[PDB]
Structure formats: structure tokens, C-alpha cells
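K.L.:
Supplied in C-alpha cells, the structure appears directly below.
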Amino acid sequence: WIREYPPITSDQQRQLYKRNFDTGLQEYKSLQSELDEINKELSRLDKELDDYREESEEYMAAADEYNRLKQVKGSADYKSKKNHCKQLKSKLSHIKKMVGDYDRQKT
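Add 415 to a position in the sequence shown, counting from 1, and you land on the number used in full-length UniProt numbering.
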């Protein structure tokens, strides 16, 4: 990330990094919310499996949906989005560090 976002040498470059940080943070939060939806549904289904009797149709329905969601979680789409989030998180951490370092020396 340093080749794209090197140490800052001006206030205008700092402002540009801040704008790019905000745009990336929006993307990161949106993708993280999408990934979180599946995990929230899986957590609610785990509780349903604890609740319902094993021989019940309710238990079989919850188990079928749990497996449908695990399949989606293991899909190329979900996993690539997870990887994209890790990349964004890394980039955002780098940009924030560059901005903090520049502000630190302006005092």
C-alpha cells in the first residue's frame, strides 16, 4: 500500500487520503454487513436447533436452512467478498497511519 499511499508531504495530499479512506470505509462497512447477515442467521438457527425436538419437522426445517447457509458461506462469492474485506481493512489501516503520522508532525 505504500506505493499507492506513501508518506504525506502536504495538507492537500492528507485531505485526498482522508477522502479515499472514507470511500473505502463505506465499502468495508457495507461488505461487512452483508457477510454478517449470514452469520447472524446461522446463530439464530443454532438456537432453534437447541430449542426444537430432534424428531420434529421444525428441527428438520432449521437443519435444512442451516446447511443452505453454510453452503453459501463456503461459496466462491462469499469467500471472495471476505477476502476483499481483509484487503480493504489492511489498506484503510495503512492510510490512517499515514494521516496520523503527518498530523503528528504538524503538531
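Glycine included, each C-beta is placed from N, C-alpha and C at the ideal position.
Along the chain, where does the alpha helix (DSSP H) containing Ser445 start, and where does it finish?
P.N.:
Element bounds for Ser445: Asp426 to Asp466.
K.L.:
Measuring straight from C-alpha to C-alpha, what distance separates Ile423 and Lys504?
P.N.:
Looking at the two C-alpha atoms, the distance is approximately 20 Å.
K.L.:
Quick test of your reading: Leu460 and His499, contact by CB under 8 Å. State the CB separation rounded to the nearest angstrom.
P.N.:
About 26 Å; that fails the 8 Å criterion.
K.L.:
Report the rounded CA-to-CA distance for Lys494 versus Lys488, giving the unit in angstroms.
P.N.:
Going from the Cα of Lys494 to the Cα of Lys488 covers about 7 Å.
K.L.:
Going by DSSP in three states, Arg418 sits in which element: helix, strand or coil?
P.N.:
DSSP places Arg418 in coil when its eight states are reduced to three.
K.L.:
When burial is assigned at 16 or more other CB atoms within 10 Å of the CB, is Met513 buried or exposed?
P.N.:
Result: buried.
K.L.:
So, do the segment 424-433 and the segment 508-522 have three or more beta carbon pairs nearer to each other than 8 Å?
P.N.:
Touching, yes.
K.L.:
For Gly489, report the span of its alpha helix (DSSP H) as first-last.
P.N.:
First-last for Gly489: undefined, no H or E at that position.
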